[PDB]
Structures are given as structure tokens and as C-alpha cells.
Amino acid sequence: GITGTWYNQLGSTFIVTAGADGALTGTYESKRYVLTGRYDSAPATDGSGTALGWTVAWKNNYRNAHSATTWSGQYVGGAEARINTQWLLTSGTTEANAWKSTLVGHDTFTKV
Amino acid sequence: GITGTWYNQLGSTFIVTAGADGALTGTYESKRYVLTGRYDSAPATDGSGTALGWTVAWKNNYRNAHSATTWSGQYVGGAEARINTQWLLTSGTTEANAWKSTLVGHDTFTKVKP
Amino acid sequence: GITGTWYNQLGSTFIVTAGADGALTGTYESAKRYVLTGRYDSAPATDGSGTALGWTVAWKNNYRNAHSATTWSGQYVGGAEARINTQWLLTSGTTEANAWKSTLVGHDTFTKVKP
Amino acid sequence: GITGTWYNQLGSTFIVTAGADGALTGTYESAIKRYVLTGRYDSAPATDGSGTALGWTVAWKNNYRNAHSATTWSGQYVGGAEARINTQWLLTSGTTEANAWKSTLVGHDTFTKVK
Ligand SMILES: O=C(CCCC[C@@H]1SC[C@@H]2NC(=O)N[C@@H]21)Nc1ccc([N+](=O)[O-])cc1
Ligand SMILES: O=C(CCCC[C@@H]1SC[C@@H]2NC(=O)N[C@@H]21)Nc1ccc([N+](=O)[O-])cc1
Ligand SMILES: O=C(CCCC[C@@H]1SC[C@@H]2NC(=O)N[C@@H]21)Nc1ccc([N+](=O)[O-])cc1
Ligand SMILES: O=C(CCCC[C@@H]1SC[C@@H]2NC(=O)N[C@@H]21)Nc1ccc([N+](=O)[O-])cc1
């Protein structure tokens, strides 16, 4: 249920393929960046979500923010499917600025 | 300088290869699990670290914890070469338990076991 | 703005008073009451930015002790429907061996209308 | 074991009094640089070797400066000759809704009784 196009509350577009091997591969758009990650290819069937995560390093051929975001979350299936995530965005910093290297937030992705 | 075998303060083993276009691939042992991630393949040249992240889903041929961890951090080269990270570990939960789905912590990786 | 009774998406009840000096006091009931204390910016920017704040509950009261504490860090956002948007850290007391898994993280959004 | 002066890895000083029923009150200096803090701790921790859960908040306004932000530290106190308070923290800045996605920094501080 994960493969396809997803949208978050900021209007970002998360395009992903969930491979048989547990891989996530795709692109993330605020402008498009590569992502890769992993998901549980044998989730519980007890009403639990499917655990997953992915990373975008914010460099493409045109731009580079010298940073990377990881999203950690779970896919929740059904008629109103969602991927509910929390994320960590680390910027490359000097040692003096490392204490403020990392932003934290939460994104919810929907198929609509 | 990211490619290699790293260990964190818990004694976990992070074996990683960094590709020229930003890919991270390898294994993690907290009995290995696959990892994949991304890193900044052209970092600033002003002393700043190199941003990176990776994911492990905690399923292999022997175990499944129905969970995934992402590490987000930066590689710092030089005399004290290290990868400093923070991580989010999400377990698959029912909706009723979703509020407690996610653990947070911080791991520092070096080339020497603890 | 901040003073009042708030509810999060879980249906928890956050009863808070914001003192002129920057103090937050009150009670929290997660879906009996627990004591909370915290702080807020009592002279926020006047440029449309939210008001930074945070508070702590240690999960011990007369009835129960979970041996844990949550801190919520966030901002009050004035609006047609006023919000307090937070992220939180819940640390349980653990042995050293279990310290790696001591801390849950999440996010709660509060309004003065119960969902 | 919590009342007293604590120092973290950044050079900050955390001065706190732990009251009998769970109050934390004191001051935090990220080095004019002193700010009020308040929080809560578990005043009846487990007796199985587990740490003592606690949390506190600083809003970064004093009489001389206002950074329009607040940090909460959530963690546990671990006793012994080399007592420590191990924390994770969330620092929320007041922002517009458009910048709210980047409102919150996260990190970790270790406090000890010596510098
Ligand atoms: O490094 C960056 C790159 C862009 C990050 C977009 C974030 S990823 C989490 C969230 N979910 C989304 O769909 N989009 C946002 N930007 C950046 C980093 C730091 C600051 N800063 O002011 O500190 C400003 C911009
Ligand atoms: O889901 C799991 C799988 C194993 C996670 C190992 C974590 S990854 C962050 C940290 N860094 C490491 O090198 N190792 C640890 N375990 C798990 C999850 C939740 C709970 N729990 O009690 O909630 C217990 C075990
Ligand atoms: O220690 C506890 C005490 C209750 C915590 C309620 C949390 S505070 C963040 C969130 N917002 C709310 O309004 N309510 C929830 N419970 C607890 C801690 C850990 C685990 N665990 O399984 O790890 C289970 C229960
Ligand atoms: O809002 C501020 C006020 C000072 C925060 C000090 C932090 S509290 C967590 C950590 N532990 C310490 O002892 N000290 C640091 N500063 C601030 C906020 C954001 C940015 N920024 O660049 O985004 C810069 C400075």
C-alpha cells in the first residue's frame, strides 16, 4: 500500500516505490531530490501500522542546502491511508554551532 | 571519509559505503540488518560537517521487531573523526498506541569499539 | 491568550494559568490531575510570530506514580481558532542498560475546544 | 541528590532546588545571562536502580534580553559519586505559521556536578 505518490501538510510530494526487498526508493519535492529508505515488508496484521523510514540529502544537480532529513514513521492502511512521521533535519555545521544542527518536526502524508 | 566500519557507544556495528552521488548502503548490527541512506556528496569547504542520514527496518531473515530507526546527523572529519547523530525509532502500533510509537535518542559513531 | 483550559487531539485536559512574570502553573489530565509548571515568553514579538512556551509534568500524584516526566515545548498561535502546537519528550526512569530506550517523542496540538 | 549546581558539556550552569513534593525551581545560565527555570521531578523514584525522571523549562526572556524562545529538558537523574542528569531537549522559537516547520531544535545535554 506504500508505493505511489503521497502529499504532506506543507504541500510536499513524496514519490516512492516499496520494493519486495524492503527498500524505499523515490523522489521528494518541496526542486526534486533523491530519497532512499526501508520499510517492514512483513508487518503485523493486527491493526498495527507498517514501520518505515527514509532519508533525503538536500543536494541535487542544481542546489545544495548541506543538510539531510530523515522521516521515521508508520504507514496506516485503509480507505483514508496515511503515513504518519516524525523527522530530524540535520545541517552540516561547525563544531561551535553543532548544538543547533538539528530541527525536529512531524509530517503526515495522504494519498490525496 | 564516511565509507568504513563504525561503532557507537552501545557497541552497535555500522558498516557503510558512501557513493559519489550521495548513496549510503550497508548493514547495521545492534545478526545484521540492511540499511540505506543519503549523504551530502559535496559538503561546504568552510569547516562544516557533512550531513547524512540512514534507515534500518528491523526485519531480517531471523527476526522482525516491526519497527524502523532513522539516524540523522553529520560526519566530522579530522583528528577526532566521528559521526554524531540523533535517531527516531518508530514501532508499528495500533491507532490507540500511536502516541507512544516513537523513541528518540542520540548515538555517536567512531572507528573504535567502546 | 494562553490562560485557560485546553484539549489535545488525544482528549487530554491542560488547565493553565500564565502569570504576568512568565510562569505557567496548572494541571494536566491525560486521556486524575497531575501538577504542571512551566514558562512562557511574556513579551512576545509583535510581528505575527507565536509565543514560545514549555511545561513539565512528572507523572506522580496522590494516586499513581509512573516514574516518568513529560516536557512539552511549543508555541501559542493566536488565531480565529487559537492553538498551542507542541512537541514533547517523555522520559522514564530506567536502569543504565535501558537508558537508550528511556525517551518517547511526539507532538500534541491543543485548542480551547475539545475534539 | 538533585538540589545544587550542575554544569553541561556546553559550559552552561543549571542551578536548581528540588522541593519535597516534586517542584524544581532555579536559574539557568547559558554561560545578564541568567534565566528563570521551573520544572518537576519524581519525588518518590523506584528503588530498583532506575534513574529519577525530571524535566524543566526555560523561556529565554529576562530583564535584559528576549530570544522569543523556550527550551524544555526531559531526562533522568542518576546518582552515585559521579552523579549525572542525562537529558534530551526541545527548543521552540516563536515563528509565523509559514516558518513553523522549522520552529524546533532538538538536542541532548549531560549535566554533572563538576565543570
Ligand atoms: O535544509 C533545508 C532543506 C529543506 C528542508 C525541508 C523540510 S524536510 C522536513 C519538512 N517536511 C517537508 O516536506 N519539508 C520540510 N532547509 C532548511 C534547513 C534549516 C533552516 N533554518 O533556518 O534553520 C532553513 C531551511
Ligand atoms: O525495535 C527495536 C529494534 C532494535 C532497536 C535498536 C536501537 S536503534 C537506536 C539505538 N542505537 C542502536 O545502535 N541500537 C538502538 N527494539 C525495540 C524498540 C522498542 C522497545 N520498547 O520497549 O519500547 C524495545 C526494543
Ligand atoms: O509515563 C506515562 C504517563 C502518561 C504519559 C501520557 C503522554 S504525555 C505525551 C502524550 N500526551 C498526552 O496528553 N498524553 C501522552 N506513560 C507511559 C510511558 C511509557 C510507556 N511505554 O510503553 O513505553 C507507556 C506509558
Ligand atoms: O533561543 C536561544 C536561547 C539560548 C538557547 C541555548 C540552548 S538551550 C539547549 C542547549 N543547552 C544549553 O545549555 N544551551 C543550548 N538561542 C538560539 C535559538 C535558535 C538559534 N538558531 O540559529 O536557529 C540560535 C540561538
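Order of the sequence lines fixes the chain letters, A, B, ..., with proteins taken first and strands second; residue numbering starts at 1 for each chain. Reckoned from all heavy atoms, side chains included, excluding hydrogens, waters and symmetry mates.
A:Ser91 and B:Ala51 make their closest contact through C-CB, 4.5 Å (heavy atoms, listed as atom of the first residue, atom of the second, distance). Here the shortest heavy-atom pairing between B:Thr90 and A:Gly73 reads OG1-N, 3.4 Å.
Annotation: B:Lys31, atom NZ; neighbour count of heavy atoms from other residues, nucleotides and ligands within 6.0 Å does not exceed 12. Annotation: A:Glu29, atom CD; neighbour count of heavy atoms from other residues, nucleotides and ligands within 6.0 Å is above 12. Shown here is A:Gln9, whose CD atom has more than 12 heavy atoms of other residues, nucleotides or ligands within 6.0 Å. Taking a 6.0 Å sphere around CG of B:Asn97, one finds it holds more than 12 heavy atoms contributed by other residues, nucleotides or ligands.
Proximity to chain A involves both the backbone and the side chain of B:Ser41, based on heavy atoms less than 4.5 angstrom apart. Contact of B:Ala23 with chain A is not made at all, since no heavy-atom distance falls under 4.5 Å. In this structure, no portion of B:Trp58 lies under 4.5 Å from any heavy atom of chain A. When heavy atoms are compared at a cutoff of 4.5 Å, B:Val34 approaches chain A by way of both its backbone and its side chain.
The side chain to side chain donor-acceptor pair (under 3.5 Å) test with B:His66 is passed by exactly one of A:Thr50, A:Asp46, A:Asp40: A:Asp40. Of the options B:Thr55, B:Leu88, B:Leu103, a side-chain contact (heavy atoms from CB on, under 4.5 Å) to A:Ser72 is made by B:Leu88 and by none of the others.
Between the side chains of A:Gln74 and B:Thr93, at least one donor-acceptor pair of N or O atoms lies under 3.5 Å.
When each of B:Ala96, B:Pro43, B:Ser101, B:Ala98 is scored by its heavy-atom pairs under 4.5 Å with chain A, the top score falls to B:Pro43. Per-residue heavy-atom pair counts under 4.5 Å with chain A were compared for B:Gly49, B:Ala57, B:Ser48, B:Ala65, and the maximum is reached by B:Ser48.
How far OG1 of B:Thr36 is from CZ of A:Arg38: 7.5 Å, rounded to the nearest 0.5 Å.
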